[PDB]
Protein chains: 4
Amino acid sequence: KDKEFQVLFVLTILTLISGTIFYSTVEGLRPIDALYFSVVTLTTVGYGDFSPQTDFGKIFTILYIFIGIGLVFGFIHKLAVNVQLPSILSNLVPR
Amino acid sequence: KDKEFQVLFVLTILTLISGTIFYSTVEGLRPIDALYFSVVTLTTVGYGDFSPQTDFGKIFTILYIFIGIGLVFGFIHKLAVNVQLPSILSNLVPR
Amino acid sequence: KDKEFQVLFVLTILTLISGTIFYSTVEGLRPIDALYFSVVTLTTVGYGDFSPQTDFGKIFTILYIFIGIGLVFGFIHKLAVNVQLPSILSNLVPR
Amino acid sequence: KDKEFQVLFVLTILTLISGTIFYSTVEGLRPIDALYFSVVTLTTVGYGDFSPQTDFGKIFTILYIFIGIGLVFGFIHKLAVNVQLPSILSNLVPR
Ligand SMILES: [K+]
Ligand SMILES: [K+]
Ligand SMILES: [K+]
Ligand SMILES: [K+]
Ligand SMILES: [K+]
Ligand SMILES: [K+]
(Lines give C-alpha, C1' and ligand atoms only; values in the text may rest on other atoms or scores of the structure.)
(Ligands and ions follow the chains in the order given, each with its own letter.)
Protein backbone atom coordinates (compact mmCIF):
# COMPACT_ATOMS: atom_id res chain seq x y z
CA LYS A 1 0.00 0.00 0.00
CA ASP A 2 3.04 2.23 0.41
CA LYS A 3 3.63 1.30 -3.24
CA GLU A 4 0.01 2.08 -4.13
CA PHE A 5 0.56 5.42 -2.40
CA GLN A 6 3.94 5.95 -4.06
CA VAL A 7 2.58 5.49 -7.59
CA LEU A 8 -0.29 7.95 -7.23
CA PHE A 9 2.06 10.33 -5.39
CA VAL A 10 4.53 10.30 -8.27
CA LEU A 11 1.81 10.62 -10.91
CA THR A 12 0.36 13.60 -9.03
CA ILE A 13 3.72 15.38 -8.94
CA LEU A 14 4.22 14.72 -12.65
CA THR A 15 0.72 16.06 -13.40
CA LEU A 16 1.33 19.23 -11.39
CA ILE A 17 4.72 19.62 -13.08
CA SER A 18 3.05 19.44 -16.50
CA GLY A 19 0.67 22.25 -15.53
CA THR A 20 3.40 24.37 -13.99
CA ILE A 21 5.38 24.23 -17.23
CA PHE A 22 2.45 24.95 -19.53
CA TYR A 23 0.94 27.83 -17.57
CA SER A 24 4.38 29.37 -16.98
CA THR A 25 5.20 29.23 -20.57
CA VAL A 26 1.96 29.92 -22.45
CA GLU A 27 0.07 32.05 -19.91
CA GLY A 28 3.15 33.82 -18.58
CA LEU A 29 2.74 32.99 -14.88
CA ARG A 30 5.62 32.82 -12.46
CA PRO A 31 6.46 29.15 -11.75
CA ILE A 32 5.11 29.40 -8.20
CA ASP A 33 1.83 30.89 -9.42
CA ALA A 34 1.50 28.24 -12.13
CA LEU A 35 1.85 25.44 -9.58
CA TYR A 36 -0.58 27.11 -7.18
CA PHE A 37 -3.01 27.58 -10.07
CA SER A 38 -2.63 23.97 -11.23
CA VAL A 39 -3.39 22.78 -7.69
CA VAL A 40 -6.37 25.13 -7.30
CA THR A 41 -7.75 23.87 -10.63
CA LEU A 42 -7.36 20.10 -10.16
CA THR A 43 -8.78 20.09 -6.62
CA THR A 44 -11.80 22.03 -8.06
CA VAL A 45 -11.38 24.97 -5.66
CA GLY A 46 -11.04 27.46 -8.51
CA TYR A 47 -10.55 30.80 -6.78
CA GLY A 48 -10.15 32.51 -10.12
CA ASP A 49 -7.41 34.85 -8.94
CA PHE A 50 -5.66 33.22 -11.90
CA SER A 51 -7.46 31.90 -14.99
CA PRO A 52 -6.23 31.26 -18.55
CA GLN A 53 -6.42 34.21 -20.91
CA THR A 54 -5.42 32.64 -24.24
CA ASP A 55 -7.49 30.23 -26.33
CA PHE A 56 -4.58 27.77 -26.18
CA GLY A 57 -4.70 28.05 -22.38
CA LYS A 58 -8.47 27.58 -22.30
CA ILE A 59 -8.32 24.45 -24.47
CA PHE A 60 -5.47 23.01 -22.42
CA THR A 61 -7.34 23.69 -19.18
CA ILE A 62 -10.38 21.75 -20.46
CA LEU A 63 -8.26 18.67 -21.10
CA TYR A 64 -6.06 19.09 -18.02
CA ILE A 65 -9.18 19.11 -15.80
CA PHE A 66 -10.68 15.93 -17.28
CA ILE A 67 -7.38 14.07 -17.26
CA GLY A 68 -6.26 15.48 -13.93
CA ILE A 69 -9.21 15.33 -11.52
CA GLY A 70 -9.42 11.54 -11.33
CA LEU A 71 -5.73 11.26 -10.50
CA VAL A 72 -5.60 14.08 -7.96
CA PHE A 73 -8.65 12.89 -6.10
CA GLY A 74 -7.39 9.32 -6.15
CA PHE A 75 -4.21 10.45 -4.41
CA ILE A 76 -6.16 12.43 -1.83
CA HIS A 77 -8.26 9.28 -1.11
CA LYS A 78 -5.11 7.07 -0.70
CA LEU A 79 -3.52 9.82 1.47
CA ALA A 80 -6.55 10.05 3.75
CA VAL A 81 -7.12 6.32 4.20
CA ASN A 82 -3.62 4.84 4.12
CA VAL A 83 -1.61 7.65 5.72
CA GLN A 84 -3.78 10.12 7.63
CA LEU A 85 -6.18 7.59 9.15
CA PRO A 86 -3.55 5.19 10.58
CA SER A 87 -1.50 7.98 12.15
CA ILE A 88 -4.67 9.34 13.75
CA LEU A 89 -5.38 5.90 15.18
CA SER A 90 -1.81 5.58 16.48
CA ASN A 91 -2.11 8.85 18.42
CA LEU A 92 -5.03 7.50 20.47
CA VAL A 93 -2.75 4.92 22.14
CA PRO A 94 0.45 5.39 24.20
CA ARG A 95 3.36 3.08 23.34
CA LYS B 1 -16.61 -1.52 -20.90
CA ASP B 2 -15.44 0.32 -24.00
CA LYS B 3 -19.18 0.59 -24.68
CA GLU B 4 -19.84 1.78 -21.13
CA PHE B 5 -17.11 4.36 -21.74
CA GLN B 6 -18.45 5.23 -25.19
CA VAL B 7 -21.96 6.00 -23.94
CA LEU B 8 -20.88 8.35 -21.14
CA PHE B 9 -18.32 9.89 -23.51
CA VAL B 10 -21.00 10.68 -26.08
CA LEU B 11 -23.46 11.96 -23.46
CA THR B 12 -20.74 14.24 -22.06
CA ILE B 13 -20.01 15.74 -25.48
CA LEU B 14 -23.72 16.28 -26.08
CA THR B 15 -24.07 17.95 -22.66
CA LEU B 16 -21.13 20.28 -23.32
CA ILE B 17 -22.53 21.04 -26.77
CA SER B 18 -25.86 22.05 -25.22
CA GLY B 19 -24.08 24.49 -22.91
CA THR B 20 -21.88 25.88 -25.66
CA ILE B 21 -24.95 26.70 -27.74
CA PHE B 22 -26.95 28.26 -24.92
CA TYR B 23 -24.20 30.42 -23.45
CA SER B 24 -23.07 31.53 -26.92
CA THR B 25 -26.49 32.51 -27.85
CA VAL B 26 -28.11 33.92 -24.71
CA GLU B 27 -25.06 35.20 -22.81
CA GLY B 28 -23.17 36.30 -25.91
CA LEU B 29 -19.95 34.35 -25.34
CA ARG B 30 -17.65 33.27 -28.13
CA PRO B 31 -18.15 29.54 -28.81
CA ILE B 32 -14.74 28.69 -27.35
CA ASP B 33 -15.47 30.64 -24.17
CA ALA B 34 -18.91 29.02 -23.84
CA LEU B 35 -17.40 25.54 -23.99
CA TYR B 36 -14.64 26.45 -21.55
CA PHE B 37 -17.26 27.94 -19.24
CA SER B 38 -19.52 24.89 -19.52
CA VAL B 39 -16.58 22.65 -18.60
CA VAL B 40 -15.50 24.88 -15.70
CA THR B 41 -19.09 24.83 -14.39
CA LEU B 42 -19.86 21.10 -14.63
CA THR B 43 -16.54 20.00 -13.08
CA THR B 44 -17.34 22.44 -10.19
CA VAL B 45 -14.11 24.42 -10.63
CA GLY B 46 -15.99 27.69 -11.16
CA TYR B 47 -13.27 30.27 -11.71
CA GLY B 48 -15.86 32.94 -12.29
CA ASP B 49 -13.94 34.65 -15.07
CA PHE B 50 -17.22 33.99 -16.85
CA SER B 51 -20.61 33.81 -15.12
CA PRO B 52 -24.16 34.30 -16.45
CA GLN B 53 -25.44 37.86 -16.44
CA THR B 54 -29.08 37.40 -17.49
CA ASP B 55 -31.88 35.90 -15.41
CA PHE B 56 -32.47 33.39 -18.22
CA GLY B 57 -28.79 32.44 -17.98
CA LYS B 58 -28.95 32.14 -14.20
CA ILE B 59 -32.00 29.87 -14.31
CA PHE B 60 -30.47 27.72 -17.04
CA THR B 61 -27.23 27.39 -15.08
CA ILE B 62 -29.13 26.11 -12.01
CA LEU B 63 -30.70 23.31 -14.05
CA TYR B 64 -27.59 22.61 -16.15
CA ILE B 65 -25.55 22.06 -12.97
CA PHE B 66 -28.01 19.60 -11.40
CA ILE B 67 -28.53 17.69 -14.63
CA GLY B 68 -24.90 17.90 -15.69
CA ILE B 69 -22.74 17.10 -12.65
CA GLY B 70 -23.79 13.47 -12.29
CA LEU B 71 -23.02 12.77 -15.95
CA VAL B 72 -19.70 14.61 -16.09
CA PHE B 73 -18.38 13.02 -12.94
CA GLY B 74 -19.56 9.61 -14.07
CA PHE B 75 -17.49 9.98 -17.22
CA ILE B 76 -14.44 11.10 -15.26
CA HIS B 77 -14.82 7.99 -13.03
CA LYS B 78 -15.08 5.62 -16.08
CA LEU B 79 -12.11 7.44 -17.69
CA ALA B 80 -9.95 7.06 -14.59
CA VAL B 81 -10.74 3.43 -13.87
CA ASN B 82 -11.22 1.89 -17.32
CA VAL B 83 -8.76 3.94 -19.38
CA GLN B 84 -6.19 5.76 -17.23
CA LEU B 85 -5.62 2.99 -14.69
CA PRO B 86 -4.99 0.13 -17.19
CA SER B 87 -2.57 2.17 -19.28
CA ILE B 88 -0.68 3.08 -16.11
CA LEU B 89 -0.45 -0.60 -15.22
CA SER B 90 0.75 -1.48 -18.74
CA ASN B 91 3.63 1.00 -18.48
CA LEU B 92 5.08 -0.81 -15.45
CA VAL B 93 5.87 -3.89 -17.58
CA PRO B 94 8.04 -4.26 -20.72
CA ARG B 95 6.54 -6.29 -23.58
CA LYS C 1 -37.21 4.54 -4.97
CA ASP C 2 -39.53 7.22 -6.31
CA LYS C 3 -40.16 7.87 -2.61
CA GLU C 4 -36.43 7.88 -1.87
CA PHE C 5 -36.11 10.39 -4.71
CA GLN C 6 -39.12 12.39 -3.52
CA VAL C 7 -37.76 12.88 0.00
CA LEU C 8 -34.33 14.14 -1.07
CA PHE C 9 -36.02 16.25 -3.76
CA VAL C 10 -38.25 17.94 -1.20
CA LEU C 11 -35.41 18.42 1.29
CA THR C 12 -33.29 20.00 -1.45
CA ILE C 13 -36.03 22.49 -2.35
CA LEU C 14 -36.49 23.36 1.32
CA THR C 15 -32.72 23.86 1.71
CA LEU C 16 -32.53 26.13 -1.33
CA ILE C 17 -35.58 28.03 -0.07
CA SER C 18 -33.85 28.63 3.26
CA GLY C 19 -30.84 30.12 1.48
CA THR C 20 -32.95 32.22 -0.86
CA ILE C 21 -34.71 33.81 2.10
CA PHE C 22 -31.58 34.46 4.14
CA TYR C 23 -29.44 35.90 1.36
CA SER C 24 -32.34 38.02 0.09
CA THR C 25 -32.97 39.41 3.43
CA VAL C 26 -29.57 39.80 5.11
CA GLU C 27 -27.30 40.25 2.08
CA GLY C 28 -29.83 42.21 0.04
CA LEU C 29 -29.86 40.03 -3.09
CA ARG C 30 -32.80 39.81 -5.44
CA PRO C 31 -34.67 36.53 -4.82
CA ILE C 32 -33.49 35.10 -8.15
CA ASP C 33 -29.87 35.95 -7.38
CA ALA C 34 -30.15 34.47 -3.88
CA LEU C 35 -31.39 31.15 -5.27
CA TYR C 36 -28.72 31.10 -7.97
CA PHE C 37 -26.11 31.89 -5.33
CA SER C 38 -27.42 29.19 -2.97
CA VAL C 39 -27.21 26.65 -5.80
CA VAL C 40 -23.72 27.76 -6.85
CA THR C 41 -22.57 27.46 -3.22
CA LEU C 42 -24.02 24.05 -2.33
CA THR C 43 -22.85 22.36 -5.55
CA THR C 44 -19.34 23.77 -4.74
CA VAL C 45 -19.05 25.64 -8.06
CA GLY C 46 -18.53 28.98 -6.31
CA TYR C 47 -18.16 31.48 -9.15
CA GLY C 48 -17.89 34.31 -6.67
CA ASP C 49 -19.93 36.73 -8.75
CA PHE C 50 -21.90 36.83 -5.50
CA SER C 51 -20.38 36.26 -2.06
CA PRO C 52 -21.55 37.31 1.42
CA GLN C 53 -20.42 40.73 2.57
CA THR C 54 -21.64 40.80 6.19
CA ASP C 55 -20.22 38.84 9.11
CA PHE C 56 -23.70 37.40 9.70
CA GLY C 57 -23.71 36.25 6.07
CA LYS C 58 -20.23 34.76 6.36
CA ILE C 59 -21.13 32.79 9.49
CA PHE C 60 -24.37 31.56 7.95
CA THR C 61 -22.56 30.48 4.79
CA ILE C 62 -20.11 28.37 6.84
CA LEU C 63 -22.98 26.44 8.43
CA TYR C 64 -25.13 26.32 5.29
CA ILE C 65 -22.25 24.68 3.38
CA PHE C 66 -21.62 21.96 5.98
CA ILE C 67 -25.30 21.21 6.46
CA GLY C 68 -26.16 21.59 2.79
CA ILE C 69 -23.51 19.76 0.76
CA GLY C 70 -24.36 16.26 1.95
CA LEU C 71 -28.03 16.74 1.08
CA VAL C 72 -27.50 18.38 -2.30
CA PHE C 73 -25.01 15.80 -3.46
CA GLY C 74 -27.20 12.99 -2.19
CA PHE C 75 -30.03 14.26 -4.39
CA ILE C 76 -27.74 14.55 -7.40
CA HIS C 77 -26.65 10.91 -6.83
CA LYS C 78 -30.31 9.67 -6.59
CA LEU C 79 -31.18 11.77 -9.68
CA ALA C 80 -28.33 10.32 -11.72
CA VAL C 81 -28.84 6.68 -10.77
CA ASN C 82 -32.61 6.36 -10.35
CA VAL C 83 -33.84 8.85 -12.96
CA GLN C 84 -31.17 9.76 -15.51
CA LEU C 85 -29.65 6.30 -15.90
CA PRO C 86 -32.93 4.37 -16.50
CA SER C 87 -34.19 6.87 -19.07
CA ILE C 88 -30.86 6.62 -20.89
CA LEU C 89 -31.21 2.85 -20.95
CA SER C 90 -34.80 3.09 -22.24
CA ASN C 91 -33.69 5.22 -25.19
CA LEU C 92 -31.38 2.47 -26.47
CA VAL C 93 -34.37 0.21 -27.22
CA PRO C 94 -37.42 0.78 -29.48
CA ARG C 95 -40.81 -0.16 -28.00
CA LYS D 1 -20.60 6.06 15.93
CA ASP D 2 -21.05 9.14 18.10
CA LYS D 3 -17.36 8.58 18.83
CA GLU D 4 -16.57 8.18 15.13
CA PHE D 5 -18.44 11.46 14.63
CA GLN D 6 -16.73 13.11 17.60
CA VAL D 7 -13.22 12.36 16.34
CA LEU D 8 -13.75 13.75 12.84
CA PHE D 9 -15.64 16.69 14.36
CA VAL D 10 -12.72 17.57 16.61
CA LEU D 11 -10.15 17.08 13.84
CA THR D 12 -12.19 19.36 11.58
CA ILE D 13 -12.29 22.13 14.19
CA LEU D 14 -8.55 21.80 14.74
CA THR D 15 -7.93 21.96 10.98
CA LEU D 16 -10.07 25.09 10.60
CA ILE D 17 -8.33 26.61 13.62
CA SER D 18 -4.94 26.03 11.98
CA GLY D 19 -6.09 27.87 8.86
CA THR D 20 -7.67 30.71 10.81
CA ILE D 21 -4.39 31.34 12.61
CA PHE D 22 -2.18 31.15 9.53
CA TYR D 23 -4.30 33.31 7.25
CA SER D 24 -4.88 35.86 10.02
CA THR D 25 -1.28 36.12 10.72
CA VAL D 26 0.50 35.79 7.37
CA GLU D 27 -2.17 37.10 4.98
CA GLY D 28 -3.51 39.73 7.37
CA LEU D 29 -7.18 38.68 7.37
CA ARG D 30 -9.53 39.36 10.23
CA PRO D 31 -10.06 36.14 12.24
CA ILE D 32 -13.64 35.81 11.00
CA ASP D 33 -12.56 36.20 7.38
CA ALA D 34 -9.74 33.68 7.83
CA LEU D 35 -12.15 31.05 9.14
CA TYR D 36 -14.67 31.76 6.39
CA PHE D 37 -11.86 31.53 3.84
CA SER D 38 -10.53 28.28 5.33
CA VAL D 39 -14.02 26.78 5.11
CA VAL D 40 -14.59 28.01 1.55
CA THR D 41 -11.23 26.50 0.54
CA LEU D 42 -11.52 23.05 2.14
CA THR D 43 -15.09 22.45 0.92
CA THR D 44 -13.79 23.35 -2.61
CA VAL D 45 -16.32 26.18 -3.08
CA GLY D 46 -13.57 28.76 -3.66
CA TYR D 47 -15.44 32.01 -4.22
CA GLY D 48 -12.18 33.88 -4.50
CA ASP D 49 -13.40 36.93 -2.63
CA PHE D 50 -10.34 36.07 -0.55
CA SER D 51 -7.23 34.35 -1.93
CA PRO D 52 -3.62 34.27 -0.68
CA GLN D 53 -1.40 37.08 -1.89
CA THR D 54 2.02 36.04 -0.55
CA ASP D 55 4.17 33.17 -1.80
CA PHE D 56 4.19 31.78 1.74
CA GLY D 57 0.38 31.87 1.67
CA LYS D 58 0.25 30.20 -1.74
CA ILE D 59 2.55 27.37 -0.67
CA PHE D 60 0.63 26.86 2.57
CA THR D 61 -2.67 26.77 0.69
CA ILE D 62 -1.36 24.00 -1.61
CA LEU D 63 -0.54 21.80 1.38
CA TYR D 64 -3.60 22.80 3.43
CA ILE D 65 -5.88 21.73 0.55
CA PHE D 66 -4.29 18.29 0.10
CA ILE D 67 -4.15 17.60 3.82
CA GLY D 68 -7.52 19.18 4.54
CA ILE D 69 -9.98 17.98 1.89
CA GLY D 70 -10.00 14.32 2.91
CA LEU D 71 -10.74 15.23 6.52
CA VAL D 72 -13.40 17.84 5.82
CA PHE D 73 -15.28 15.66 3.38
CA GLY D 74 -15.03 12.70 5.72
CA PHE D 75 -16.76 14.74 8.43
CA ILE D 76 -19.47 15.88 6.03
CA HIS D 77 -20.08 12.20 5.09
CA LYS D 78 -20.33 11.12 8.80
CA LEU D 79 -22.59 14.15 9.49
CA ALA D 80 -24.94 13.30 6.62
CA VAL D 81 -25.23 9.58 7.30
CA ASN D 82 -25.01 9.31 11.09
CA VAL D 83 -26.69 12.56 12.14
CA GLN D 84 -28.76 14.13 9.35
CA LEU D 85 -30.21 10.91 7.95
CA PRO D 86 -31.48 9.43 11.26
CA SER D 87 -33.13 12.68 12.35
CA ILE D 88 -34.85 12.88 8.97
CA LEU D 89 -36.14 9.35 9.46
CA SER D 90 -37.36 10.15 12.98
CA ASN D 91 -39.44 13.07 11.70
CA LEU D 92 -41.49 10.78 9.45
CA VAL D 93 -43.00 9.02 12.50
CA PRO D 94 -45.01 10.42 15.45
CA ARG D 95 -43.99 9.22 18.91
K1 LIG E 1 -16.56 16.15 -5.12
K1 LIG F 1 -15.17 25.56 -6.91
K1 LIG G 1 -14.22 32.05 -8.14
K1 LIG H 1 -13.79 34.94 -8.69
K1 LIG I 1 -14.74 28.50 -7.46
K1 LIG J 1 -15.70 21.99 -6.23
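Look a little higher up for the structure.
Residues numbered from 1 in each chain as written, not as in the entry; some residues may be left out. Chains lettered and ligands numbered in written order. Heavy atoms only, no water. Residues with missing side-chain atoms left out of burial classes, pairs and counts.

### Focus on the overall build of chain A
Next, step 1: Tallying secondary structure elements over chain A gives three helices and zero strands in all.
Next, step 2: Secondary structure elements in chain A, listed N-terminal to C-terminal, are α-α-α.
Next, step 3: Computed over the C-alpha atoms, the radius of gyration of chain A is 16 Å, more than 25% above the 12 Å expected from 2.2 N^0.38 for a compact globule of 95 residues.
Next, step 4: Seen through its principal axes, chain A has C-alpha atoms that stretch 55 × 25 × 20 Å.
Next, step 5: Here the analysis covers contacts within chain A between residues at least 6 apart in sequence; of these, 58% occur between residues at least 24 apart. (Helix = DSSP H or I, 4+ residues; strand = E, 2+ residues; numbered from the N terminus. Rg over C-alpha atoms; globule rule 2.2 N^0.38 Å. Contact = heavy atoms within 4.5 Å.)

### Let's talk about the packing of aromatic side chains
Residue and element names in this part refer to chain A.
Next, step 1: One pass over the full model with this rule turns up 56 aromatic pairs over all chains.
Next, step 2: Residues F9 and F75 carry aromatic rings whose centres are separated by 5.3 Å and whose planes lie at 25 degrees to one another, so their mutual orientation is stacked. Of this pair, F9 sits in helix α1 (residues 2-26) while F75 is found in helix α3 (residues 55-91), placing the two residues 66 residues apart along the sequence.
Next, step 3: Taking relative accessible area as the criterion, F9 reaches 36% and is therefore assigned partly exposed. (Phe/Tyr/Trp six-rings, centres within 6.5 Å; stacked < 30°, edge-to-face > 60°. Buried < 20%, exposed > 50% of the residue type's maximum accessible area, 1.4 Å probe, protein only.)

### Notes on the nonpolar core
Next, step 1: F66 of chain A, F66 of chain B, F66 of chain C together with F66 of chain D are the most contacted members of the largest nonpolar core, which has 91 residues in total.
Next, step 2: When residues no more than four places from it in sequence are discounted, the contact partners of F66 of chain B are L16, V39, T43, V72, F75, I76 and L79 of chain C. (Core = buried A, V, L, I, M, F, W, Y, C linked by side-chain atoms within 4.5 Å.)

### Remarks on the coordination of the potassium ion (ligand 2)
Next, step 1: At this site the potassium ion (ligand 2) is bound by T44 of chain A (O), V45 of chain A (O), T44 of chain B (O), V45 of chain B (O), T44 of chain C (O), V45 of chain C (O), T44 of chain D (O) and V45 of chain D (O), with donor distances of 2.7 to 2.8 Å.
Next, step 2: Here the potassium ion (ligand 2) and the potassium ion (ligand 5) are spaced 3.0 Å apart, linked through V45 of chain A, which binds each one. Taken together, the residues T44 of chain C in the loop between α2 (31-42) and α3 (55-91) and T44 of chain D in the loop between α2 (31-42) and α3 (55-91) connect one chain to another. Per residue, the accessibility class of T44 of chain C equals that of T44 of chain D, and both read buried. (Donors = N, O, S within 2.8 Å, 3.2 Å for Na, K, Ca; no water.)

### Observations regarding a nonpolar patch on the surface
Next, step 1: Taken together, the side chains of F9, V10, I13, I17 and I21 of chain A make up a nonpolar region of the molecular surface, amounting to roughly 450 Å² of accessible area.
Next, step 2: One can find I13 of chain A in helix α1. (Patch = residues over 30% accessible without salt bridge, like charges linked within 9 Å, V, L, I, M, F, W, Y side chains within 5 Å. Areas by Shrake-Rupley, 256 points an atom, 1.4 Å probe, with all protein chains shown as cover. Salt bridge = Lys/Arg side-chain N within 4 Å of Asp/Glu carboxyl O.)

### Regarding the relation of the copies chain B and chain A
Next, step 1: If you rotate chain B by 90 degrees and push it 0.0 Å along the axis, it lands on chain A with an RMSD of 0.0 Å. Look at the turn and shift together and you get a four-fold axis relating the two. (Least-squares fit on C-alpha atoms.)

### Describing the side chain of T12 of chain B
Next, step 1: Assignment of secondary structure puts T12 of chain B in helix α1 (residues 2-26).
Next, step 2: For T12 of chain B, a relative accessible area of 3% gives the class buried.

### Section: helix α3 (residues 55-91) of chain B
Next, step 1: Relative to the 54 Å expected for 37 residues at 1.5 Å per residue, α3 of chain B spans 50 Å between its end C-alpha atoms, a close match to the ideal helical length.
Next, step 2: The principal kink in α3 of chain B, of about 40 degrees, is found at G68 of chain B. (Expected span 1.5 Å × (residues − 1). Bend = angle between axes of the 7 residues up to and from the residue.)

### Some remarks on the interface of chain B and chain A
Next, step 1: In this complex, chain B contributes 22 residues to the contact, which on the side of chain A involves 21 residues.
Next, step 2: When the buried area of chain B at its contact with chain A is split by residue, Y36, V45 and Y47 of chain B rank highest and sum to 34% of it.
Next, step 3: Here chain B and chain A share two salt bridges between them.
Next, step 4: For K58 of chain A, the salt bridge goes to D33 of chain B, with nearest N and O atoms at 2.8 Å.
Next, step 5: The tally of links between chain B and chain A comes to four residue pairs in polar contact.
Next, step 6: When contributions to the side of chain B that touches chain A are tallied by element, the ones reaching two or more residues are α2 (31-42) and α3 of chain B.
Next, step 7: Sort the elements by how many residues they give to the side of chain B that touches chain A and α3 of chain B lands first, with eight residues.
Next, step 8: Classifying every residue of the side of chain B that touches chain A gives 15 nonpolar, four polar and three charged. (Buried area = accessible area lost by both parts, 1.4 Å probe. Polar contact = N/O pair within 3.5 Å; in protein donor to acceptor, adjacent residues only side chain to side chain. Nonpolar A, V, L, I, M, F, W, Y, C, P; charged D, E, K, R; others polar.)

### Describing the environment of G48 of chain B
All names here are of chain B.
Next, step 1: Examined against the element boundaries, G48 turns out to sit in the loop between α2 and α3.
Next, step 2: Residue classification places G48 among the partly exposed residues on the basis of a relative accessible area of 28%.
Next, step 3: In this structure, the C-alpha to C-alpha distance between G48 and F37, residues 11 residues apart in sequence, is 8.7 Å.

### Quick look at the pattern of salt bridges
Next, step 1: Under the defined criterion, the tally for this structure stands at 16 salt bridges over all chains.
Next, step 2: Of the charged contacts in the structure, one is a salt bridge between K78 of chain B and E4 of chain B, with a shortest N-O distance of 3.2 Å. You can see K78 of chain B sitting in helix α3 and its partner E4 of chain B sitting in helix α1, a full 74 residues away along the chain.
Next, step 3: A relative accessible area of 18% places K78 of chain B in the buried class.
Next, step 4: Each of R30 and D33 of chain A together with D55 and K58 of chain D takes part in one network of salt bridges that share partners.

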